[PDB]
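The sequence shown lines up with residues 7 to 43, 50 to 141 when you count with the authors' numbering.
Reading through the structure tokens given below for one structure.
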Amino acid sequence: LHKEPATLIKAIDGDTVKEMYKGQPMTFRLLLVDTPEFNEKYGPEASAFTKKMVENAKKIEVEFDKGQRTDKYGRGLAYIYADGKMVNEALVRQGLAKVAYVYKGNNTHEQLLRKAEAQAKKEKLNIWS
Ligand SMILES: Cc1cn([C@H]2C[C@H](OP(=O)(O)O)[C@@H](COP(=O)(O)O)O2)c(=O)[nH]c1=O
Ligand SMILES: [Ca+2]
């Protein structure tokens with residue numbers, strides 16, 4: 007895989023972010039994770061985590077996997093990086109997302125994220141508390 011540029015348009019919630027990619031606005035859904043909805053427990057906190065992460069970053073990047081790049085709702089599916097740090101993984105490491113939606117096409121970083129989840133679980137972090 008490789009990183010490609012994008013600029014933040016707007017944080018949306020824990021695992022969705024509006025970004026400009028190849029000069030077009032689009033909503034990205036983070037691969038391999040599931041944050042709770050804003051209305052659920054840790055939802056506000058997930059949204060807050062992702063927001064600060066992408067808003068503070070001098071450089072946002074987008075990384076498509078090998079399978080499909082758009083989901084059935086037209087959302088981009090990618091690993092998103094903030095100054096080189098992966099938002100998907102960072103959420104999971106903090107117990108603010110579960111590893112989820114692991115489809116055979118698009119799972120390059122599954123084991124990395126599962127390793128993070130294990131550590132979050134060990135620490136009884138947030139969702140795991
Ligand atoms: C993360 C991800 C979600 N989706 C779809 C499956 C789920 O469909 P349904 O909406 O029919 O449940 C939905 C989960 O997104 P949210 O967790 O953002 O709701 O998005 C994919 O198709 N591919 C993916 O990689
Ligand atoms: Ca969600």
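For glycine and all other residues, C-beta sits at the position ideal for the given N, C-alpha and C.
Requested in this report: Would you mind reading off the limits of the beta strand (DSSP E) that contains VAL23?
Outcome: It spans 22-27 - the beta strand (DSSP E) in which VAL23 sits, taken as one unbroken run.
**Report entry** Residue of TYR93, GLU122, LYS127 minimising C-alpha distance to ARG105
**Finding:** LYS127
Requested in this report: Please state whether DSSP places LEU14 in a helix, a strand or coil.
Outcome: strand
Query - Spatial distance of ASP40 from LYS97 (CA atoms) - result: 18 Å
Query raised in the report: Does the separation of the CB atoms of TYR54 and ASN138 fall below 7 Å?
Result: yes
Query raised in the report: Does the beta carbon of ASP19 fall short of 6 Å from some heavy atom of ligand 4?
Result: The model on display carries ligand 1 and ligand 2 but not ligand 4.
Query raised in the report: Mapping DSSP to helix, strand and coil, what is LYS64?
Result: Helix.
Query raised in the report: What are the partner residues of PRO31, as DSSP defines its beta bridges?
Result: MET26
Query raised in the report: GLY55 by DSSP, collapsed to three states: which one?
Result: helix
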